[PDB]
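Structure 1 and structure 2, given next as structure tokens, are two forms of the same protein chain, each shown alone.
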Structure 1
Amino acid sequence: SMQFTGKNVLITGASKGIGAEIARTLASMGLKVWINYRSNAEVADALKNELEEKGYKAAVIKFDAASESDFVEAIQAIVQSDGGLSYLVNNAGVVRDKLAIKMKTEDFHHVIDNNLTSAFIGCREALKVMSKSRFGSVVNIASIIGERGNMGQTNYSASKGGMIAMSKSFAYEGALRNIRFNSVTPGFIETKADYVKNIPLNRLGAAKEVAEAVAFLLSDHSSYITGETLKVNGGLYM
């Protein structure tokens, strides 16, 4: 388990996969978890029901994390409901990999607009709602690795590298108010043998293993860590 001075967390794109397990993990550690979804509510509702049945604190909130006004209003609604917001996990990325010569700038815009602007809005609003309290932690999570090998990832890498650098800039901006910003870069996550081939630990990662890395960066245990990128990839990249 891990220690948290803060009380609640918003997780964008939290209905399924890594996002849902982040919600599950953080709720089991005692945080009230806010499960963001954009379109179909049924999976998010089922997650919220599951977590409450397990004795945890959970709520759902519908909004498009790539929409400035929708995200801003959602955080205002959480602050109204809970009194504040301690923690934020930006996980609303999309993946659409193509060879660059086959990719329209529309396709590139699609991925970058969504992945970078969503993380930008969340980080910006975290500075606003976290600063008075002199306390906060924000984790920016990159997309799971798409294919085997190194092709088709020009908009994936643009998104991921942009996120990591912009997170460092937020780390400077939040530092005096003790608002930390860190990134997590997952490897191949089970969410076969040919993939496991190049992974030193000789297995795909579990979603829970990524979620516990996120939990560490949110937790009090990482209080002197900001502007860092934590790789969770079984040794695939060092």
Structure 2
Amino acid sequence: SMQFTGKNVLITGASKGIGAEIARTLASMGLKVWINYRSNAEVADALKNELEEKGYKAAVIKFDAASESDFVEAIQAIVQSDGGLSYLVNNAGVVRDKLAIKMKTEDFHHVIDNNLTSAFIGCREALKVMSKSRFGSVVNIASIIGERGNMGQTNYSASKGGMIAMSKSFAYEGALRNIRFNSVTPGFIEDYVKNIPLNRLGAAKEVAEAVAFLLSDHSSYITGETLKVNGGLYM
């Protein structure tokens, strides 16, 4: 049970995986979670039903996070349904791994546009909708790959390393109005394990609880920071 002064959170790309776990974790901690899905609603709706059947507060919302007007419109609808938006998690993202010499600029842009510009739009709009209340916390879901790089991931590492640095700039622009911006860098989340000191993959739950901490009031003096969740894979 983590303490939250805000009441609601938008999680982009939250139908499955880490984003889904973020939704369950934050819902179970008493926040109303907005589950963003791009295309099919069946998985998102099921996650929503699961949480409500547990007595939690959840809703789904359709928009492409890579789309400026779509994302903008959605935030407005959430401010119009709940009165505001206190928390944002930029989780949406894709991979298209290729050795760089086989990588077209279209493949580079596919990952940049979906992973970095999406988080720009989200952080920008959060700044607009939380500046009024002088309260908000935003978490950007980056990756160990943005910190250290990886074979075959020149485009993914660019998107996540640009995310990490973008977040710092947003932290300066939100700081006087008490809007915090931070990043999480998960390692390998469920041989790969041979290089992990904890000798196991991380659980999606373990990422989700690190996000919860950075959104929560307990991290109220943490901004512009990158929280590693990698089991020791990178120190």
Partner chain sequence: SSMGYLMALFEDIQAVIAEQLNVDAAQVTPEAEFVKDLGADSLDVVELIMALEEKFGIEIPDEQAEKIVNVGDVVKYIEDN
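Only residues modelled in both forms are compared. Superpose the two forms; the largest set of C-alphas matching within 1.5 Å is the rigid core. When a residue number appears, read it as a position in the sequence of structure 1, where counting begins at 1.
In this pair, the copy labelled structure 2 belongs to the form solved without the partner chain. After superposition on the rigid core, the C-alpha displacement between the two structures reaches 2 Å or more for just one residue among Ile145, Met163, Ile121, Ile78, namely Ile145. Taking the core as the fixed frame between the two structures, we note the C-alpha of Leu230 moving 0.4 angstrom. Relative to the superposed core, just one shifted segment between the two structures, defined as three or more consecutive residues with every Cα moved by 2 Å or more, spans 143 to 150.
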